[PDB]
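What follows is a short report on a single structure.
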Amino acid sequence: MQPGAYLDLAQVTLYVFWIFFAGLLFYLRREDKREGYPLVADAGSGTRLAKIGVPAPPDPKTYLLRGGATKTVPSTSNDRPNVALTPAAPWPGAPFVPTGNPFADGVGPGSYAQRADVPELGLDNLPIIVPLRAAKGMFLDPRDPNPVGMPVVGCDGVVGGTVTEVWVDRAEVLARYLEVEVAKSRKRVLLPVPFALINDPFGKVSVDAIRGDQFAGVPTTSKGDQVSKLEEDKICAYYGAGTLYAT
Amino acid sequence: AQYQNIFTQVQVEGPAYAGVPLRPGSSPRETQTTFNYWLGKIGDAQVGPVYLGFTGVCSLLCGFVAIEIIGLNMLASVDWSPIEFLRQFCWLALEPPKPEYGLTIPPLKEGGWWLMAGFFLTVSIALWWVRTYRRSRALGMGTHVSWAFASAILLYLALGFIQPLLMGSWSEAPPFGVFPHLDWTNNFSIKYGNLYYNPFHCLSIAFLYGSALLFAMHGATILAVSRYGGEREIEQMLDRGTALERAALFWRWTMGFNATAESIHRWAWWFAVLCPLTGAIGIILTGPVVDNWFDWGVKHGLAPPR
Amino acid sequence: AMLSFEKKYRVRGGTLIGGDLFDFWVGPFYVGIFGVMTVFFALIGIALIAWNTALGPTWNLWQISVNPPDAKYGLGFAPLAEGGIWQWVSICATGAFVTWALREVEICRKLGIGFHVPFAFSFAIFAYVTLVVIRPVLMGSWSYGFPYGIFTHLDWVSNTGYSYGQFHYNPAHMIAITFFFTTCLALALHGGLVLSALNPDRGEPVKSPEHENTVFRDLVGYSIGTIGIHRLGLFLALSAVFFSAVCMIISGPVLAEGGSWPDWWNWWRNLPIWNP
Amino acid sequence: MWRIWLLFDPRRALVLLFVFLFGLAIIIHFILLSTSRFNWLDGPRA
Amino acid sequence: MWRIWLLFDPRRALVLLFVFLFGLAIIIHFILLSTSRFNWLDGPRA
Amino acid sequence: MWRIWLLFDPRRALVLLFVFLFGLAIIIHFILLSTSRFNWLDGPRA
Amino acid sequence: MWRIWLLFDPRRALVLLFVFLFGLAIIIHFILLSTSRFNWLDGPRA
Amino acid sequence: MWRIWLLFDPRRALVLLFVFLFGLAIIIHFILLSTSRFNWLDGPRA
Amino acid sequence: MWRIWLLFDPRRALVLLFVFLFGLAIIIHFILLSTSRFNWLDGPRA
Amino acid sequence: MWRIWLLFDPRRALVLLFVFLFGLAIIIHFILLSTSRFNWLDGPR
Amino acid sequence: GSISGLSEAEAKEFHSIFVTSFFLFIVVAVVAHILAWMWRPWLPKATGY
Amino acid sequence: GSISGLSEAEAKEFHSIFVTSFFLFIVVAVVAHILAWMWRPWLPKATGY
Amino acid sequence: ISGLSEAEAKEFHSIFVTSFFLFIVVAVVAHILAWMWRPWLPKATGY
Amino acid sequence: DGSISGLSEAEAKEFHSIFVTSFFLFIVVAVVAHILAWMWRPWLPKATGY
Amino acid sequence: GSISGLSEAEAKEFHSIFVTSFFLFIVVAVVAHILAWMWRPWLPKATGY
Ligand SMILES: CCCCCCCCCCCCCCCCCC(=O)OC[C@H](COP(=O)([O-])OCC(O)COP(=O)([O-])OC[C@@H](COC(=O)CCCCCCCCCCCCCCCCC)OC(=O)CCCCCCCCCCCCCCCCC)OC(=O)CCCCCCCCCCCCCCCCC
Ligand code: BCL
Ligand code: BCL
Ligand SMILES: CC[C@H]1c2cc3[nH]c4c(c3C)C(=O)[C@H](C(=O)OC)c4c3nc(cc4[nH]c(cc(n2)[C@@H]1C)c(C(C)=O)c4C)[C@@H](C)[C@@H]3CCC(=O)OC/C=C(\C)CCC[C@@H](C)CCC[C@@H](C)CCCC(C)C
Ligand SMILES: COC1=C(OC)C(=O)C(C/C=C(/C)CC/C=C(\C)CC/C=C(\C)CC/C=C(\C)CC/C=C(\C)CC/C=C(\C)CC/C=C(/C)CC/C=C(\C)CC/C=C(\C)CCC=C(C)C)=C(C)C1=O
Ligand SMILES: CC(C)C/C=C/[C@@H](C)C/C=C/[C@@H](C)CCC[C@@H](C)CCCC[C@H](C)CCC[C@@H](C)CCC[C@@H](C)CCCC(C)(C)O
Ligand SMILES: CCCCCCCCCCCCO[C@@H]1O[C@H](CO)[C@@H](O[C@H]2O[C@H](CO)[C@@H](O)[C@H](O)[C@H]2O)[C@H](O)[C@H]1O
Ligand SMILES: [Fe+3]
C-alpha cells in the first residue's frame with residue numbers, strides 16, 4: 001500500500017465494494033423467495049426431498065395487522081394446487097390441457113387465487129369498494145362520459161347488457177367496477193374498468209375479452225353493496241379467461 | 001384488453017381528505033385544498049393540504065437566503081441591468097473562492113459570498129432531511145425515504161465540502177450557475193485524467209442505468225397486470241392474488257428468477273441508493289488519492305499504454 | 001421446477017409461430033420458437049467475439065474489442081478479417097433483441113396480461129439501432145458505429161462527444177439527463193415509500209395507502225397515487241431514452257461534425273429585445 | 001423415407017423449412033458480397 | 001379446387017408473406033444505393 | 001443405446017440437435033473463411 | 001459407484017454433462033487457436 | 001450491567017459487534033501496511 | 001463427522017462442491033497461464 | 001461456550017463461517033502475490 | 001410408462017433409423033474432409049508450411 | 001423410496017451403459033492426445049523450446 | 001433436518017471419504033509431476 | 001346499433017359538403033399562389049443550371 | 001356488428017370507395033412520374049451526371 005507498490009487504496013476500496021455487493025445480491029435473492037417455495041417437482045423426478053435452490057428461502061415472516069391480528073407469509077393457502085388439468089405429454093416441461101370448462105374451473109389465464117372471503121375494510125372498518133349509491137358525497141365529474149345508461153358489447157359486436165351503476169374505491173378515489181344488467185335476466189354482474197373501453201362507439205362500452213353472450217356467466221356477489229377479495233379475484237379471472245378461450 | 005391504463009377514463013370526485021390524524025407532538029396541518037382536472041387524468045386530483053412547522057419553515061428561510069445571495073451576486077456581476085440579466089441568465093454564476101486563500105474566509109468579492117451561500121444551502125438541506133425523517137415518524141411509518149435522501153446529500157457534501165477539505169482549498173468546488181456548473185463538470189473530468197477510468201464512476205453509471213431499467217420494468221409490469229388489481233401493492237402482499245402471481249410468473253418464464261410484491265421495492269431502493277454512494281466514494285478518491293485516472297487504468301490493465 | 005402456485009397457469013396455447021412444437025418449459029424458462037432463435041443468435045455472437053479475440057493480441061477482459069470497418073468501405077460489406085465480424089455481430093445482436101421481444105410477447109399472450117413490457121423494451125432496441133444503424137447510415141459509413149469493447153466504446157463516447165465542442169450544450173442531451181435524474185429520484189421515493197408502509201415503526205401495524213398519500217401531502221403538498229407513480233415511472237424512463245436517441249440523431253446528421261453546441265444557444269443572445 | 005411425416009406435421013415443417021432456406025440464402029449472398037473476386041455489382045476493388 | 005387454402009389459412013399467410021417481401025425489397029434497394037455503379041441518384045463518386 | 005429414447009422425446013431432441021449442428025457448421029465455416037490460407041474465395045492475402 | 005444415480009436424476013445429469021463437456025472443449029480449442037505454436041490453421045507468426 | 005441485554009437482543013448486538021470489530025481490525029492493518037516504518041512485508045523505503 | 005449429512009442436503013452440497021472446485025481449478029490454470037515462467041503453451045518468452 | 005449454538009442456527013453459522021474463511025484465505029493469498037518479496041510464481045524484481 | 005412416452009418397439013425402430021442417418025452423415029463428412037485435405041492440408045510444422 | 005426416485009436395478013443398468021460410454025470417450029481422447037503430442041510437444045524448458 | 005436416515009448418512013459419509021481421498025492422491029501425483037517440470041518457491045534473489 | 005362515430009347520415013352529409021367546399025377553395029387559392037410564385041422565380045432548372 | 005364492427009354490405013361500400021380513391025392516387029402519381037422523367041431522366045447514359 002506504499003507509494004510505488006502495486007497495491008493501492010483505490011483497488012482495495014473496489015474489492016471491498018465487490019464483496020459488499022455479493023453480500024447484497026445474496027440478501028436480495030433471499031428476500032425474493034418468500035412466496036412460492038418449496039418448488040413442485042416435474043414429472044420423472046424424486047419427491048422425497050424438497051427443491052429450494054441455493055439461496056435457501058428464509059424463515060416465515062409475520063406482519064402485525066390493524067385490528068391486532070397477524071399474517072404469516074408465505075401464504076400457502078392461496079395456491080390452489082389441485083385443479084382440473086391434465087398433462088399433454090409424459091415428459092418434463094409439458095403444458096397442461098383443461099379437462100372441463102376453463103371459464104368455470106379457473107385454470108390458465110382464467111385462474112384465480114384462494115384469497116380471504118372478506119371485503120377490504122379501509123381505515124374506518126367500512127368496505128372501500130362501494131357502489132356510488134352507497135358512498136355519500138361522491139360524484140362522477142361531469143366533464144367525463146357518464147357510463148350509466150350505455151349498452152355493453154362483447155368482442156363479437158353483440159350487446160350483452162347495460163350499465164346501471166359505477167362501483168368506486170373510497171380512500172383512493174377511482175372508478176373500479178361497472179355494474180352490468182344482463183340483457184334478458186334482470187341479474188347484475190361486475191365489469192372491471194381496466195377491461196372496458198368507455199365510449200369506444202359513441203354511446204357504448206366495448207369489452208373485447210368475452211363475447212356479448214357470456215356476461216350471463218360472470219360470477220356474482222353475495223351482497224349487493226359490497227364485494228369480497230375472493231369475489232373480486234374470481235370476477236377478474238373470468239374476464240381474463242376470455243383472452244385465450246373466447247375463440 | 002384494448003384499454004391501456006395510461007389515462008383515467010372517468011374521474012370520481014368527492015370531498016377533500018384531511019389526512020390520517022397525526023401522532024401527538026405535531027402542529028395542525030393547513031386547510032386550503034383544491035382539485036385539478038389534468039392531474040387527475042394521470043394520477044390524483046387533490047392538491048393539498050400541506051404541513052408546515054418549524055423544520056420546513058426554517059429550511060425554506062435558509063434556502064431563500066442562499067438563493068437571494070446567489071441572485072444578488074448575479075445582478076451585481078451584470079451592473080444591475082435587468083435587460084442584460086435576462087439576456088444572459090444561464091451564463092452567470094457565483095464563482096467559488098480563488099485558489100490563493102486555502103480554507104480561510106476570503107473577501108466577499110473573491111469567495112466570501114460563495115461560502116456564505118454554501119453554508120446556508122447546506123443548513124437548508126439538512127433541515128429538509130430532518131423534516132422528511134420527522135414527517136415519516138409522525139405517522140408510525142419507517143424511515144427508508146430519509147435514508148435514501150441521505151445518499152444524495154452525501155454526494156452533494158462530497159462534491160462541495162469533503163473533497164475541497166481533503167484537497168485543502170475551497171476553489172475545488174462547483175459554481176452556482178446553470179452553464180458554469182456544466183463547464184465545471186467538464187473541467188473536473190479533464191483535470192484529473194479521464195473520469196471514465198474511475199471504477200466507482202463506472203459503478204455509479206451502471207447503477208443509474210439499472211435504476212432506469214428497473215423502474216421501466218416495474219412500471220410496465222404493474223400496468224400490465226392492473227386489470228387484475230395489481231396496483232394495490234400492499235394488499236397483494238398480505239393476501240396474494242392472481243395479479244402478483246401473473247407478474248411473478250412473467251419474469252420467471254422470461255429470465256429465470258422473480259421477486260415478491262415487496263422485494264422488488266427493495267431492489268428498487270438499493271439500485272437507487274447505490275448510485276450516489278458509489279459516486280461520492282469515487283469523488284472523494286479523485287484528487288486526495290488518485291490524480292490521474294487514465295494512468296491508474298493503464299497500471300491495472302484497463303487499457304493499453306496508448 | 002414449478003412454484004407452489006404455478007401449475008394452474010402452465011396451459012397450452014398462445015403462440016405466434018410454430019404451434020405446439022416449441023410450447024414447453026426448460027426449468028423455469030419458457031422456450032417457444034423465439035427462445036431457440038435468440039439463444040442461437042446469442043451463441044453465434046459470443047463465438048464470433050471469441051474468434052475475433054483469438055486473432056488479437058490479448059485475452060484481457062477489459063481490452064477485448066470488435067472494431068467497426070474502416071471508412072474506406074462506405075456502407076458496403078467489409079472483409080471478415082477487416083471489419084466484417086463487427087457487422088455480423090451487429091446483425092446477430094439485433095436478431096437476438098427482436099426475438100427476445102417476441103418471446104416476451106408470447107409469454108404475455110399466454111398469461112393474459114398487457115403488452116407494456118415488450119413495448120418498453122422496443123425503446124431500448126430503438127436506441128441501439130439508432131446508434132449502430134441509423135446514424136452511421138445518415139453519416140455515410142459503418143465506421144461511425146461504436147466498438148464492442150468494455151473500455152473502448154467509452155473512448156468512442158468521449159471522442160464523439162468532443163467532436164462537437166462541448167456535448168453538454170446539446171439541448172436534447174440536457175432534457176434526457178433531466179429525465180434520467182428524475183427517474184432515479186422517483187425510483188428511490190417509490191421504493192422507500194412502499195418499504196416504509198410495509199415495515200412500519202416498532203410496535204405498529206402495517207400501514208395503508210391513506211398513510212402513503214398523507215406522508216407526501218405533508219412533505220410536499222401533493223401525492224400522485226398508486227397507479228400514477230407507475231405511469232410516471234414508465235413515462236420518465238421511456239422519455240429519457242427517446243430524447244437520448246434524438247440527441248444522437250441531430251449530432252452529426254444535422255449539426256456538422258466540426259461544429260459547436262455552445263454557439264447554437266447564441267440564438268437566444270441575439271434576440272432583438274437585447275441584441276444591439 | 002415417407003416415415004418422416006409420421007413424426008412431423010407438414011403444415012409447420014414447410015414454414016420452418018422455408019424460413020430456414022430464406023435465411024441461409026441471405027447469409028450466403030451477404031458473404032459473397034463481402035469479397036472482391038465474387039462481387040457482382042462493383043467487381044474487383046482498386 | 002386447390003386444397004392448399006384448406007389446410008393453410010390465407011389471412012395469416014398473406015401478412016407474413018408481405019412482411020418478408022417488403023423487407024427483401026428494402027434490402028435490395030439499400031444494397032444498390034450503397035454502391036458506386038448502380039447508384040441512380042447521382043452516379044459514381046469520382 | 002436405444003434406451004436413450006425412453007428418456008427424451010425424439011421430435012424436440014431431433015430439432016435441437018439440428019439447430020446445434022447448423023450453428024456449429026456456420027461457426028466453422030466463418031472461422032475458415034476468416035483466415036488467409038483457407039479462404040476459398042479471394043485466396044491468400046500476400 | 002452406481003449409487004450416484006440413487007441421488008441424482010440420470011436424465012438431467014446427462015444433459016448437464018453434455019453442456020459442460022462441449023463448453024470445455026470449445027474453450028480449449030479457442031485457447032489453442034489464440035497461441036502461436038499451436039495454431040493449426042495459419043501457423044506460427046501471430 | 002446485565003440490564004443492557006434488557007434493551008438489546010443479544011443476537012443482533014453480537015452480529016453488529018463482530019462486523020464492527022472486523023472492519024476496525026482490517027482498517028488498522030491496512031493503515032499500518034500503508035506506512036514505511038511499520039510495513040512488515042516489503043519493509044522500509046516506501 | 002457423518003452427522004454433517006443430517007444437517008445439509010447432500011445433493012446441493014455436492015453440486016456446490018463441484019462448482020466451487022471447477023471454478024478454483026479454472027482460476028488457478030488461468031493464473032499460471034498468464035505468467036512467463038509457468039506458461040506451458042508458448043513458453044517462457046513472455 | 002456450547003450455548004452459542006442455542007443462539008445461532010448451526011447450519012447458517014457454519015455456511016457463513018466457511019464462506020468468511022475462504023474469502024479471507026484467498027484475499028491474503030492475493031495480497032502476498034501482489035508484493036515482490038513474497039511472490040512465489042515469477043519471483044522478485 | 002416411460003418418461004419419453006415411447007414403448008420399447010418404437011424406441012428400437014427410431015434408434016435403427018437414427019443410426020442409419022447418423023452413419024450416412026458421418027460418411028459424407030469423411031468424404032468432404034478427404035477432399036478438403038486434398039485441396040489444402042492443415043497441421044503445419046513448427047516453422048510453417 | 002430413494003432420493004432420486006429410481007430403484008437399484010435401474011441405477012445399475014444406467015451405470016453399466018454410462019461406464020461403457022465414458023470409457024470409450026476416454027480411450028478416444030487418449031488417442032487424440034497421443035497424436036497431438038506427436039504433432040506438437042508442450043511443457044517446454046525454462047529457456048524455451 | 002436434511003431428511004436422511006442415519007444409515008444413509010453413514011453410507012454417504014463413507015463413499016464421500018473414499019472419493020475425497022482418491023481425488024487427493026491424484027492431485028498429489030499431479031503436483032509431484034508439476035514440480036519436476038518447473039519448481040516454484042524461488043530464493044530471495046530469484047531463480 | 002348506430003354510427004361508429006356518432007354522427008347520423010344527415011350530419012355526415014352536411015359536414016362532408018362543407019368540408020369539400022372548404023378544401024376546394026383552399027386548393028384554388030393555392031393554385032393561384034403557385035402561378036404567381038412561378039411568375040416570380042421558376043424552379044426545375046436544366047441539368048447545367050439556370 | 002362483428003370483429004371490426006361492420007356488416008358485409010358496409011364493408012363492400014368501404015372497399016369500393018377505398019379502391020377508387022387508391023386508383024386515382026396511382027394515376028396522378030404516374031402522371032407526376034412521367035413529368036419528372038421529362039425533367040431530369042434517371043437511368044442516364046454510361047456515365048451521367
Ligand atoms: C478461486 C475460485 C473460487 C470458486 C469460485 C466459484 C465458487 C462457486 C460459486 C457458486 C455460485 C452459485 C451456483 C450454485 C451452487 C450451488 C448449487 C446447489 O446448491 O444446488 C443447485 C441449485 C438447485 O438446487 P435444488 O433446486 O435444490 O436442486 C438440488 C439437486 O441439484 C436436484 O437434482 P436433480 O437430480 O433434480 O437434477 C440434477 C441436475 C441439476 O442441474 C442443475 O442444477 C443445473 C445447474 C447447475 C448449477 C450451475 C451453477 C453455475 C454457477 C456459475 C458461477 C459463475 C460463473 C461466472 C462465469 C463468468 C465468465 C466470464 O444435474 C446435476 O446436479 C448433476 C450432478 C451429477 C453429475 C454426475 C456426473 C458424472 C459423475 C460420475 C462419473 C463416473 C464415475 C464412475 C466411474 C466408473 C466407476 C466404476 O442450483 C440453483 O439454484 C441454480 C441457480 C443458481 C444461481 C445461478 C446464477 C448465478 C450467477 C451466474 C453468473 C454467471 C452467468 C451464468 C453462468 C455462466 C458459466 C460460464
Ligand atoms: C465530461 C464529464 C464527465 C463526467 C463528469 C462527472 C462529475 C464531476 C460527476 C459525474 C457524476 C456522475 N456521472 Mg458523469 N461524467 C461523464 C460522463 C457520464 C455519462 C456518459 C454517458 O458519458 C453518464 C450517464 C454519466 C453519469 C454520471 C452519474 C453516474 C453520476 C451522477 C450521479 C447523480 O445522480 O448526481 C446528481 C445528484 C446530486 C448531485 C445530489 C443532489 C443533491 C441534493 C439532493 C439536491 C439539492 C437541490 C437543491 C434543494 C435545489 C436548490 C439549490 C439552489 C437552487 C442552488 N456521466 C464524463 C466522462 N460525472 C457525479 C458522480 O458522483 O460521479 C462520481 C459527479 O460528481
Ligand atoms: C465527453 C462525452 C460527453 C457525453 C457524450 C455522449 C455520447 C456520444 C452519447 C452520450 C449518451 C448519453 N449521455 Mg452523455 N456525455 C457526457 C456527459 C453525460 C453526463 C454527465 C453527468 O456529465 C450524463 C448523465 C450523460 C448522459 C447521457 C444519456 C442522455 C445518454 C446515455 C443513455 C442512453 O444512451 O440510453 C440508451 C440505452 C441503450 C442503447 C441500451 C441498449 C439496450 C440493449 C437493446 C440491450 C442489450 C442487452 C445485452 C447485449 C445483453 C445482456 C445480457 C446479459 C446476460 C446481462 N452524459 C459527456 C459530456 N453522451 C448516448 C446517447 O444519448 O445515445 C442514445 C451517446 O451515444
Ligand atoms: C437516490 C438519489 C436521487 C435523489 C433522491 C432523493 N431526492 C430527494 C429525496 C430523495 C430520496 C427526498 O426525500 C427529497 C424530497 O423532498 O423529495 C420529494 C429530495 C429532494 N431532492 C431534490 C432535488 C434534487 N434531487 C436530485 C437528485 C437525486 N435525488 C438523486 C438522483 C437533484 C439533481 C439531479 O440535481 C435535485 C435538484 C428536492 C426536490 C428535494 C429536497 C428539497 C430541499 O432540500 O429543499 C431545500 C429548500 C430550499 C432550497 C429552499 C428553496 C425552495 C426550493 C427551491 C426547494 C424545493 C422545495 C420543494 C421540493 C417542496 C416545497 C413544498 C412547499 C409546500 C413548502
Ligand atoms: C446581505 O446578505 C444577505 C443576503 O443578501 C445577499 C440575503 O439576501 C439575505 C437573506 C434575506 C432575504 C433578502 C430573503 C428573504 C428571507 C427572509 C426575510 C428570512 C430572513 C432570514 C435571516 C435573516 C437568517 C435566516 C436564518 C435561519 C432561518 C436560521 C439559520 C440557522 C443556522 C444557520 C444554523 C446554525 C448552524 C449550525 C447549528 C450548524 C449545524 C449543522 C447542521 C447543518 C444541522 C443544523 C440543524 C439544526 C440546528 C436544527 C435541528 C432541529 C431539529 C433536530 C428539530 C427539533 C424539533 C423541532 C420541531 C424544533 C440576508 C439575510 C443577508 O444577510
Ligand atoms: C466557515 C464554514 C463554517 C462555512 C462553510 C460551510 C460548508 C458546509 C459549505 C459547503 C458548500 C457546498 C456543499 C455546496 C457546493 C455546491 C455544488 C454541490 C452545486 C452547485 C449548484 C449548481 C446549480 C446549477 C446552481 C444554480 C443556481 C442559480 C441558477 C439560481 C439563481 C437564483 C436567482 C435568479 C434568484 C432570484 C433573483 C433575486 C434578485 C430576486 O434574488
Ligand atoms: C458527513 C460529513 C462529516 C465530516 C466529514 C469529513 C470530516 C473530515 C475528515 C477528516 C479530516 C482529515 O484531515 C484532513 O486531512 C487532509 C488530507 O491530508 C488535509 O489536507 C491536506 O491536503 C494536502 C496534503 O494532503 C495539502 O495540500 C493541504 O494543504 C492539506 O490541508 C486537511 O488539512 C485535514 O483537514
Ligand atoms: Fe410499485
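Residues are referred to by chain and number: the chain letter is A, B, ... according to the order shown in the C-alpha cells, the number counts from 1 in that chain, and ligands are numbered separately from 1 in the order shown.
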
Given 12 Å and only C-alpha atoms and all ligand atoms, residues near ligand 8 as JSON, numbers by chain: {"B": [214, 215, 216, 217, 218, 219, 220, 221, 222, 223, 225, 226, 230, 231, 232, 233, 234, 235, 236, 237, 244, 247, 260, 261, 262, 263, 264, 265, 266, 267, 268, 269], "C": [186, 187, 188, 189, 190, 191, 192, 193, 194, 195, 197, 198, 209, 225, 226, 227, 228, 229, 230, 231, 232, 233, 234]}

Within 12 Å of chain O: residues of chain E, using only C-alpha atoms, as a ChimeraX atom specification: /E:36-46

Within 6 Å of ligand 4 (only C-alpha atoms and all ligand atoms), residues as a PyMOL selection string: (chain B and resi 50+59-60+63-64+124-125+128+145-146+148-149+152+272-273+276) or (chain C and resi 181+184-185+188-189+220-221)

N, CA, C and O atoms of the current selection, written as a CSV table (one decimal), in the first residue's frame:
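part.csv, written as the output of this step:
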chain,number,residue,atom,x,y,z
B,50,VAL,N,-51.1,21.0,3.0
B,50,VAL,CA,-49.7,20.9,3.3
B,50,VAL,C,-49.5,21.1,4.8
B,50,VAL,O,-50.3,21.7,5.5
B,59,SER,N,-36.1,25.6,6.9
B,59,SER,CA,-35.5,25.1,5.7
B,59,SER,C,-35.7,26.1,4.5
B,59,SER,O,-34.8,26.5,3.8
B,60,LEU,N,-37.0,26.5,4.4
B,60,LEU,CA,-37.3,27.4,3.3
B,60,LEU,C,-36.6,28.8,3.5
B,60,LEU,O,-36.1,29.4,2.5
B,63,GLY,N,-32.9,28.3,2.6
B,63,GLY,CA,-32.7,28.2,1.2
B,63,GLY,C,-33.0,29.4,0.4
B,63,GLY,O,-32.3,29.7,-0.5
B,64,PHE,N,-33.9,30.3,0.9
B,64,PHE,CA,-34.1,31.5,0.2
B,64,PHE,C,-33.1,32.6,0.5
B,64,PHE,O,-32.8,33.4,-0.3
B,124,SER,N,-30.1,24.4,5.0
B,124,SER,CA,-31.4,24.2,4.4
B,124,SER,C,-31.6,22.7,4.1
B,124,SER,O,-32.6,22.1,4.4
B,125,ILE,N,-30.6,22.1,3.4
B,125,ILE,CA,-30.8,20.7,3.0
B,125,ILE,C,-30.8,19.8,4.2
B,125,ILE,O,-31.6,18.8,4.3
B,128,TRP,N,-34.2,20.0,5.7
B,128,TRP,CA,-35.2,19.3,4.9
B,128,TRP,C,-35.1,17.8,5.2
B,128,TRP,O,-36.1,17.0,5.2
B,145,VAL,N,-37.2,6.5,3.3
B,145,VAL,CA,-37.2,7.6,2.3
B,145,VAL,C,-36.0,8.6,2.8
B,145,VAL,O,-35.3,9.1,1.9
B,146,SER,N,-35.9,8.9,4.1
B,146,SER,CA,-34.9,9.8,4.5
B,146,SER,C,-33.5,9.2,4.4
B,146,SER,O,-32.6,9.9,4.1
B,148,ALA,N,-32.7,7.1,2.0
B,148,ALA,CA,-32.4,7.2,0.6
B,148,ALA,C,-32.0,8.7,0.2
B,148,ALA,O,-31.1,8.9,-0.6
B,149,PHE,N,-32.6,9.6,0.9
B,149,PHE,CA,-32.2,11.0,0.7
B,149,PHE,C,-30.8,11.3,1.2
B,149,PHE,O,-30.1,12.2,0.6
B,152,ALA,N,-28.1,11.1,-1.6
B,152,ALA,CA,-27.9,12.2,-2.4
B,152,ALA,C,-27.3,13.4,-1.6
B,152,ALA,O,-26.4,14.1,-2.2
B,272,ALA,N,-31.3,2.4,-6.5
B,272,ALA,CA,-31.4,3.9,-6.5
B,272,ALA,C,-30.4,4.5,-5.5
B,272,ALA,O,-29.7,5.5,-5.8
B,273,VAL,N,-30.2,3.9,-4.4
B,273,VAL,CA,-29.3,4.4,-3.3
B,273,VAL,C,-27.8,4.2,-3.7
B,273,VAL,O,-27.0,5.0,-3.4
B,276,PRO,N,-25.6,7.4,-5.9
B,276,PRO,CA,-24.9,8.5,-5.2
B,276,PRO,C,-23.8,8.0,-4.2
B,276,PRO,O,-22.9,8.7,-4.0
C,181,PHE,N,-32.2,11.7,-14.3
C,181,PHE,CA,-32.1,12.0,-12.8
C,181,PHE,C,-33.4,12.0,-12.1
C,181,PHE,O,-33.5,11.5,-11.0
C,184,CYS,N,-34.3,8.4,-11.4
C,184,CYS,CA,-33.7,7.8,-10.3
C,184,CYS,C,-34.3,8.3,-9.0
C,184,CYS,O,-34.6,7.5,-8.0
C,185,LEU,N,-34.6,9.6,-8.9
C,185,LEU,CA,-35.3,10.2,-7.8
C,185,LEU,C,-36.6,9.5,-7.5
C,185,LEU,O,-36.9,9.1,-6.3
C,188,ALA,N,-36.2,5.9,-6.1
C,188,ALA,CA,-35.9,5.9,-4.7
C,188,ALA,C,-37.1,6.2,-3.9
C,188,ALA,O,-37.3,5.5,-2.9
C,189,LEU,N,-37.9,7.2,-4.3
C,189,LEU,CA,-39.0,7.6,-3.5
C,189,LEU,C,-40.0,6.5,-3.4
C,189,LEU,O,-40.5,6.2,-2.3
C,220,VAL,N,-44.6,17.5,0.6
C,220,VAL,CA,-44.5,18.5,-0.5
C,220,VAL,C,-45.9,19.0,-0.8
C,220,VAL,O,-45.9,20.0,-1.6
C,221,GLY,N,-47.0,18.6,-0.3
C,221,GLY,CA,-48.3,19.1,-0.5
C,221,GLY,C,-49.0,18.4,-1.6
C,221,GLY,O,-50.2,18.9,-1.9

Test item, helix (DSSP H, G or I) assignment across region 62-191 of chain A, answer as a VMD selection string: chain A and resid 76 to 78 102 to 105 108 to 110 122 to 124 132 to 134

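Pairwise distance (atom 12 (C, counted along the ligand's line) of ligand 3, CA of residue 244 (chain C)) equals 6.1 Å.
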
Contacts to ligand 3 at 7 Å cut-off (only C-alpha atoms and all ligand atoms) as an NGL selection string: (:B and (185-186)) or (:C and (93 or 97 or 124-125 or 127-128 or 131 or 157-162 or 166-168 or 173 or 176-177 or 240-241 or 244-245 or 247-248))

Nearby polymer residues, ligand 2, at most 8 Å, only C-alpha atoms and all ligand atoms, as a ChimeraX atom specification: /B:63,66-67,70,121,124-125,149,151-156,159,176-177,184-190,194-196,198,200-209,275-283 /C:154,157-158,177,181,184

Ligand 5 neighbours within 8 Å using only C-alpha atoms and all ligand atoms, as a VMD selection string: chain B and resid 26 53 to 55 57 to 62 64 to 73 113 119 to 120 122 to 127 130 to 131

Superposition RMSD [C-alpha atoms, order-paired], chain O onto chain K: 1.5 Å

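Nearest residue to chain H among A:8, A:156, A:141, A:213 is A:8, counting only C-alpha atoms.
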
Spatial neighbours of residue 30 (chain F), max dist 9 Å, only C-alpha atoms, sep filter under 5 positions, as a PyMOL selection string: (chain C and resi 48+80) or (chain F and resi 25+35)

Could you write out the selected residues, including C-alpha atoms, as a PDB file, in the first residue's frame?
ATOM      1  CA  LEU C  48     -17.718 -14.703 -33.147  1.00  0.00           C
ATOM      2  CA  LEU C  80     -14.371 -10.637 -42.445  1.00  0.00           C
TER       3      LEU C  80
ATOM      4  CA  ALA F  25     -21.199 -25.718 -39.143  1.00  0.00           C
ATOM      5  CA  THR F  35      -8.142 -16.929 -42.287  1.00  0.00           C
TER       6      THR F  35
END

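In this structure, the chain J residues at most 12 Å away from chain A are residues 9, 11, 12, 15, 16, 19, 20, 23, 24, 27, 30, 31, 32, 33, 34, 35, 36, 37 and 45 of chain J, with only C-alpha atoms considered.
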